[PDB]
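Shown next as structure tokens: one chain only, the form deposited in one PDB entry.
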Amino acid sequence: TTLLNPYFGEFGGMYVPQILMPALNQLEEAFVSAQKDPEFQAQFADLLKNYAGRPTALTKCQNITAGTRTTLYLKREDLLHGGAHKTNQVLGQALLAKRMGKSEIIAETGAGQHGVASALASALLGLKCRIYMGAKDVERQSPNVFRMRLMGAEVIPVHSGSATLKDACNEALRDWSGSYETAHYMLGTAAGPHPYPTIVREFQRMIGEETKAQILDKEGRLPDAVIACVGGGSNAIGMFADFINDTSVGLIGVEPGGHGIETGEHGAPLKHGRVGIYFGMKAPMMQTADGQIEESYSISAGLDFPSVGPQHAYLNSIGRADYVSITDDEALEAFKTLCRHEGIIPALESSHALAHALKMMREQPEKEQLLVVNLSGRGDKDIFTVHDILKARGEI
């Protein structure tokens, strides 16, 4: 029994070992209680405004749409404390953890962005935080690792498997299955078993709510489409949620194409995978013919995940949202273009969304369209990755 529907059509559920079902049911109950509690809502709002910096700006691009009939706004989650949208939902989940009497936090990370967010929220709110991170991401993201440790978090490299996000997820779940009595698992995306896809959406939906108010104020109408990258689905569903019932507003999610879909080295399960059961959920995933989970690939560690949240799978199935992919090289060009022409260094994750918007503009330059891209994070963490690429291609 659950208080809330665990499925979006066929997708979702609670495919966890029996031992963890009490933890999931307790979390759902705490969340439903919290959502009706004015005191919880007031504390969450206070943290979002006065600690994290909400509302975030909606920036009209001045130079990158020149010569076209596209108007492009960027929703500036890059300006949130910590550098990405992740901070929104970690503040809510940390408050839920306290509401339940939990003193410790488990989290996984790939971009190190959710790790940083979990570490900062735990520091503020007095929780003991341990973060699992693929050891390949460890040796590549040593700066973010040190940030987490500076803020008092334990960072645990994971060497198994691809040594990336999927493997960090596995270890976090193994941990939480012998520590759920005292530790809250702070899942970092809108995926995993119910109630996480629902909680993460509700704690990210201020993105789209703000965007809607801001666009009505500046343009007097809703966007023709909103565009967001999709690694697990949190920033996209946060932007999408408040527009789902606005049927004229397109919802476009951008999965990583990596080296190219045809190479098999990508992270685009929603359009190029097959439904399966893992990560506690029934959802599209990259898998072999035998049902083994395949390793994903992206230049962006935050999108390097071979599954996707169930609400996106559902929104795609019914045609409410459309999903596309963008390759490493297309993402890199968008990163460079935003740096040089708007003075904003975007996360390589977010650069996938920008890259698709640029394509919509350049492919049909006389099409009048009002677009919003969710700039889910800043690209400070990515400048070394980008440098080593530009140096290897003789471009610097």
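Under this definition, the rigid core comprises the largest set of C-alpha atoms superposing within 1.5 Å between the forms. Just count from 1 along the sequence shown to find any residue number.
Keep in mind that the form deposited in another entry is missing from the display, and what follows is about it.
Participant: Could you check which of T71, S162, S325, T198 shows a C-alpha shift of 2 Å or more between the shown form and the other one after a rigid core superposition?
Facilitator: Single hit from the list, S162.
Participant: For a quick test of reading the superposition: does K212 move by 2 Å or more at the CA between the shown form and the other one, rigid core aligned?
Facilitator: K212: C-alpha displaced by less than 2 Å between the shown form and the other one.
Participant: Core-aligned, does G134 move its Cα 2 Å or more between the shown form and the other one?
Facilitator: Yes: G134 shifts by at least 2 Å between the shown form and the other one.
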